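K.L.:
Structure below; questions to follow.
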Amino acid sequence: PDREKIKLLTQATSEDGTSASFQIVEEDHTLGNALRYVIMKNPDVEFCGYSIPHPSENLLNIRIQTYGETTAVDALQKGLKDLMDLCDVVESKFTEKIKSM
Amino acid sequence: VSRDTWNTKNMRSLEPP
Amino acid sequence: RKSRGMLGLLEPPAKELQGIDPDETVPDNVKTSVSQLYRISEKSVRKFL
Amino acid sequence: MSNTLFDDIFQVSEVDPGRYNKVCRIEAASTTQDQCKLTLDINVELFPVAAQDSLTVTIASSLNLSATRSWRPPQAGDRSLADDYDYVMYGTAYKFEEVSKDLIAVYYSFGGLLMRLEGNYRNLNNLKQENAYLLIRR
């Protein structure tokens, strides 16, 4: 039950969601860029981008603004699910080509 | 080569400490 | 205003016909062209001052 | 129909990229309006333009035939104007100038790509309003 990993920044959050900034510690461009790509691949997402506010801190601030269909949290959760699925496809294809060789 | 070393071995380093 | 055929009302008008709008006859085309080119509202003058 | 503030055919006089690789400033005069000139910035890697080609230029508001405040694209199945125009820009009219007796010039900025439309009587239509779609087709 990790309660420190991902936080919701309330000052950056709208009413009823659909626009929220998340703070993700121990994260950098690696997860930020893949997550942003996958999240932009969602029709309801109108805005996605991350930022590492300072190199000294291992912190990532990812901003999601959606249209009214879904909330930023839902778009985030969908982005994480889709990133997992994509990496699973990559794993299967790569292990198959390794086995074939 | 042509070996699925990762399936054969149960990884431990890769999990977060 | 003078170039578009209407009167150039740079000076206040002192005659019987002041109360009615001095552009009533203007055929709604030069009028809207002038409003297109120069349109200075009272809000604009007061905000500028 | 009732949303085209202006439309006319133009014959491109010249196209020049001045130190640009994707934006060219084209100049054109109206076919069958002896006074209507056009200076226009075109992204030519999106819409290639050659000297002496005839372009149908249209100015419209509301391409259509929540309080989110972020622009949302129309749906893919939405019938709208631009379904028969090759190139469409959205910008604002920011200046009307007088150039002579019965001859005016209108300036549109499409995010920095400028259009200067010289004409005679386009007053009851061309307003200083954000709603300005430029539509262009070959």
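Chains as they are written, first to last, in this note's numbering: chain A, 11 to 111; chain B, 2 to 18; chain C, 200 to 248; chain D, -11 to 126.
Built from N, CA and C at the ideal position, the CB exists for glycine as well.
#1: Is the shortest distance between the beta-carbon of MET94 (chain A) and the beta-carbons of chain B less than 9 Å?
#2: So with Cβ pairs under 9 Å, would you call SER3 (chain B) a contact of chain A?
#3: By DSSP, does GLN21 (chain A) sit in helix, in strand, or in coil?
#4: Between the region 98 to 122 of chain D and chain C, which residues of the former have a C-beta closer than 7 Å to a C-beta of the latter?
#5: Between the beta-carbon of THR231 (chain C) and the beta-carbon of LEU51 (chain D), is there less than 9 Å?
#6: Using a Cβ cut-off of 7 Å, which residues of the region 30 to 55 of chain A contact any Cβ in chain B, in chain order?
#7: What residues from chain D crowd round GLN235 (chain C), counting only those whose CB sits closer than 7 Å?
#8: Which residue comes first and which comes last in the beta strand (DSSP E) that contains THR81 (chain A)?
#9: Does the Cβ of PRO5 (chain D) lie closer than 8 Å to at least one heavy atom of the ligand FAD?
#10: Among residues of its own chain, excluding the 5 on either side of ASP5 (chain B), which ones have a beta-carbon nearer than 7 Å to its beta-carbon?
#11: Would you mind stating whether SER49 (chain D) and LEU105 (chain D) have Cβ atoms separated by less than 9 Å?
#12: Applying a beta-carbon distance threshold of less than 9 Å, which residues of chain B neighbour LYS109 (chain A)?
#13: Which residues of the region 72 to 92 of chain A have a Cβ closer than 8 Å to any Cβ of chain D? Give them in chain order.
#14: Give me the Cα-Cα distance between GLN63 (chain D) and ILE219 (chain C), rounded to the nearest whole angstrom.
#15: Which whole-angstrom value describes the C-beta separation of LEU26 (chain D) and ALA16 (chain D), a residue pair presumed to lie in contact below a C-beta threshold of 8 Å?
#16: If the criterion is Cβ atoms closer than 9 Å, does the pair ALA85 (chain A) and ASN43 (chain A) meet it?
#17: Have a look at D:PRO61, D:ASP90, D:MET(-11) and D:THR80 and flag the residue whose alpha-carbon is nearest the alpha-carbon of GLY99 (chain D).
#18: Does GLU56 (chain A) pass the burial test, meaning 16 or more other C-beta atoms within 10 Å, or should it be called exposed?
#19: Which residue comes first and which comes last in the beta strand (DSSP E) that contains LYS83 (chain D)?
#20: Quick check on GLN235 (chain C): buried or exposed, where buried means 16 or more other Cβ atoms within 10 Å of its Cβ?
#21: Any idea what DSSP makes of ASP26 (chain A), helix, strand or coil?
#22: Between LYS89 (chain D) and chain C, is any beta-carbon pair separated by less than 9 Å?
#23: Just the C-alpha distance for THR46 (chain D) and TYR237 (chain C), rounded to the nearest angstrom, thanks.
#24: Using only the alpha-carbon positions, how far apart do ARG126 (chain D) and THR44 (chain D) sit?
#25: Between which residues of its own chain and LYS10 (chain D) is the CB-CB distance below 7 Å, once the five residues before and five after are set aside?
#26: Taking the alpha-carbon of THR81 (chain A) as reference, which of A:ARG13, A:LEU19, A:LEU70 and A:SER29 has the nearest alpha-carbon?
#27: Could you tell me the boundaries of the alpha helix (DSSP H) in which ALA64 (chain D) lies?
#28: Exposed or buried, which one is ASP(-4) (chain D) when buried takes at least 16 other CB atoms within 10 Å?
#29: Pull out every residue of the region 16 to 50 of chain D whose Cβ sits closer than 7 Å to any Cβ of chain C, in chain order.
#30: Can you pull the chain A neighbours of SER1 (chain D), defined as C-beta to C-beta under 9 Å?
P.N.:
According to the data block:
#1: Here residue 94 (chain A) refers to the residue found at position 84 when the first sequence is read from its first residue. Chain B contact via Cβ: absent.
#2: Counting from one through the second sequence, the residue named residue 3 (chain B) turns up at place 2. Output row for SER3 (chain B): interface = yes.
#3: Counting from 1 along the first sequence, the entry for residue 21 (chain A) is found at position 11. DSSP places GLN21 (chain A) in coil when its eight states are reduced to three.
#4: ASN111 and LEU112
#5: For the purposes of this step, residue 231 (chain C) is taken as the residue at position 32 of the third sequence. For the purposes of this step, residue 51 (chain D) is taken as the residue at position 63 of the fourth sequence. Between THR231 (chain C) and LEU51 (chain D), the CB-CB gap reaches or exceeds 9 Å.
#6: none
#7: Within the third sequence, residue 235 (chain C) is the residue found at index 36, counting from 1. The contacting residues are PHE84 and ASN111.
#8: Mapped onto the first sequence, residue 81 (chain A) falls at position 71. Looking at the DSSP string, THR81 (chain A) is not in any beta strand (DSSP E), and its letter there is neither H nor E.
#9: No copy of the ligand FAD occurs in the structure displayed, which carries no ligand at all.
#10: The residue you call residue 5 (chain B) lines up with position 4 of the second sequence. Answer for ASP5 (chain B): no residue qualifies.
#11: Taking the first residue of the fourth sequence as 1, we reach residue 49 (chain D) at position 61. Taking the first residue of the fourth sequence as 1, we reach residue 105 (chain D) at position 117. In this structure, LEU105 (chain D) does not lie closer than 9 Å to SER49 (chain D) by Cβ.
#12: In the first sequence, counting from the first residue as 1, residue 109 (chain A) sits at position 99. Going along chain B in sequence order, the residues near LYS109 (chain A) (Cβ under 9 Å) are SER3, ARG4 and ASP5.
#13: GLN75, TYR77 and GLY78
#14: Taking the fourth sequence and counting its residues from 1, one reaches residue 63 (chain D) at position 75. Taking the third sequence and counting its residues from 1, one reaches residue 219 (chain C) at position 20. Their Cα atoms are separated by approximately 52 Å.
#15: Along the fourth sequence, read from residue 1 onward, the residue named residue 26 (chain D) stands at position 38. Along the fourth sequence, read from residue 1 onward, the residue named residue 16 (chain D) stands at position 28. At roughly 4 Å, the Cβ-Cβ gap stays under 8 Å, so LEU26 (chain D) and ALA16 (chain D) are in contact.
#16: For the purposes of this step, residue 85 (chain A) is taken as the residue at position 75 of the first sequence. For the purposes of this step, residue 43 (chain A) is taken as the residue at position 33 of the first sequence. Not in contact: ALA85 (chain A) and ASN43 (chain A) (Cβ atoms no closer than 9 Å).
#17: Counted from its first residue, the fourth sequence places residue 99 (chain D) at position 111. Among D:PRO61, D:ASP90, D:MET(-11) and D:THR80, the Cα nearest to that of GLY99 (chain D) is on D:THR80.
#18: Counted from its first residue, the first sequence places residue 56 (chain A) at position 46. Classification of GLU56 (chain A): buried, given that the 10 Å Cβ count is 16 or more.
#19: One-based indexing of the fourth sequence puts residue 83 (chain D) at position 95. Unbroken beta strand (DSSP E) run through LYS83 (chain D): 80 to 88.
#20: In the third sequence, residue 235 (chain C) corresponds to position 36, counting from 1. Buried, since its Cβ has 16 or more Cβ neighbours within 10 Å.
#21: The residue given as residue 26 (chain A) occupies position 16 in the first sequence. The answer is coil: DSSP assigns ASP26 (chain A) none of H, G, I, E or B.
#22: Position 101 of the fourth sequence, counted from the first residue, corresponds to residue 89 (chain D). Cβ-Cβ to chain C under 9 Å: yes for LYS89 (chain D).
#23: Locating residue 46 (chain D) in the fourth sequence gives position 58, counting from the first residue. Locating residue 237 (chain C) in the third sequence gives position 38, counting from the first residue. Using only the alpha carbons, I get a separation of about 25 Å.
#24: The sequence position of residue 126 (chain D) within the fourth sequence is 138, counting from 1. The sequence position of residue 44 (chain D) within the fourth sequence is 56, counting from 1. For the pair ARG126 (chain D) and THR44 (chain D), the Cα-to-Cα distance works out to about 7 Å.
#25: Here residue 10 (chain D) refers to the residue found at position 22 when the fourth sequence is read from its first residue. So the list reads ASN31, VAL32 and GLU33, once near-sequence residues are dropped.
#26: For this step, residue 81 (chain A) is matched to residue 71 along the first sequence. Closest by alpha carbon: A:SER29.
#27: Your numbering for residue 64 (chain D) matches position 76 in the fourth sequence. Careful: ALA64 (chain D) lies outside any alpha helix (DSSP H) and carries neither H nor E.
#28: Taking the first residue of the fourth sequence as 1, we reach residue -4 (chain D) at position 8. By the neighbour-count definition (other C-beta atoms within 10 Å, threshold 16), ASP(-4) (chain D) is a buried residue.
#29: Result list empty, no residue passes.
#30: In the fourth sequence, residue 1 (chain D) corresponds to position 13, counting from 1. Chain A residues near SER1 (chain D): none, gap ~41 Å exceeds 9 Å.
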